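> Would you be able to build a 3D model of this:
(one chain, ligands or ions: 3)
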Amino acid sequence: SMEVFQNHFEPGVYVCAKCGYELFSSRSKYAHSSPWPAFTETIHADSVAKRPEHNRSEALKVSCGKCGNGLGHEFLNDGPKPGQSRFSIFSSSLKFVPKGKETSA
Ligand SMILES: [Fe+3]
Ligand code: NA
Ligand code: NA
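Numbers count the residues shown, from 1 in each chain. Ligands and ions are numbered 1, 2, ... in the order given. Coordinates below:
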């Protein structure tokens, strides 16, 4: 079965599924009504690269800052507290690294 992180809230870090760069902490994740996992901030300042999303106001496209793999969107001023973003990310673009449990293949 494919990765679906919408309702997933375990302790760990979501990394880029393509290159492994650290993207989002479990700390930053919050429950939302949309089909995609929602986060307020990235782990590193260069975790994501941003580009305009021309056909939607208050929205940017986001990709991995290291390898360029497409991640989803940053919705400006759409987060849980005023002025926070909602990073709405494809689960297929993420791999979850659980605290304590990064076991061998
Ligand atoms: Fe990457
Ligand atoms: Na951060
Ligand atoms: Na936009």
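> Can you name the residues that contact the residue nearest the centre of the chain?
By CA atoms, centre = their mean, the chain has its centre lying nearest to residue 89, at 4.6 Å. If you count contacts by CB atoms under 8 Å, 6 or more residues apart in numbering, residue 89 has them with 5, 14, 23, 24, 36, 37, 38, 39, 62, 71, 72, 73. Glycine gets a C-beta too; all of them are placed from N, C-alpha and C.
> any idea how far ligand 1 is from it?
Residue 89 sits 12 Å away from ligand 1, going by CB to the ion, to the nearest Å.
> For ligand 3, see how far away that residue is.
From residue 89 to ligand 3 the distance is 17 Å (CB to the ion).
> Not including adjacent chain positions, what is the nearest residue to that residue?
Closest residue in space to residue 89, ignoring its immediate chain neighbours: residue 72 at 4.1 Å, by CB to CB, 6 or more residues apart in numbering.
> Mind listing what's buried along the helix or strand hosting the one you found?
Assigned by DSSP states H and E, residue 72 belongs to strand 70-75. For strand 70-75, the neighbour count (16 or more other CB atoms under 10 Å) marks 71, 72, 73, 74, 75 as buried.
> Listing partners with orientation, what would you give for it?
Sheet pairing for strand 70-75, assigned by DSSP bridges, gives strand 59-64 (antiparallel), strand 86-89 (antiparallel).
> For residue 96, which of those is the nearest?
strand 86-89 (11.7 Å; CB to CB).
> how far is the closest one from where the chain is centred?
6 Å (CA atoms, centre = their mean, to the nearest Å).
> Output that strand as PDB, restricted to C-alpha atoms.
What follows is strand 86-89, C-alpha atoms only, in PDB (Å, rounded to 0.1, in the frame of the first residue of the first chain):
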ATOM      1  CA  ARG A  86       0.500  25.500   5.700                       C
ATOM      2  CA  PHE A  87       3.000  23.300   3.900                       C
ATOM      3  CA  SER A  88       0.700  20.800   2.100                       C
ATOM      4  CA  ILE A  89       2.900  17.900   0.900                       C
END
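> who in this protein is up against ligand 1?
Residues of the chain lying close to ligand 1 (CB under 5 Å from the ion) are 16, 18, 19, 21, 64, 66, 67, 69.
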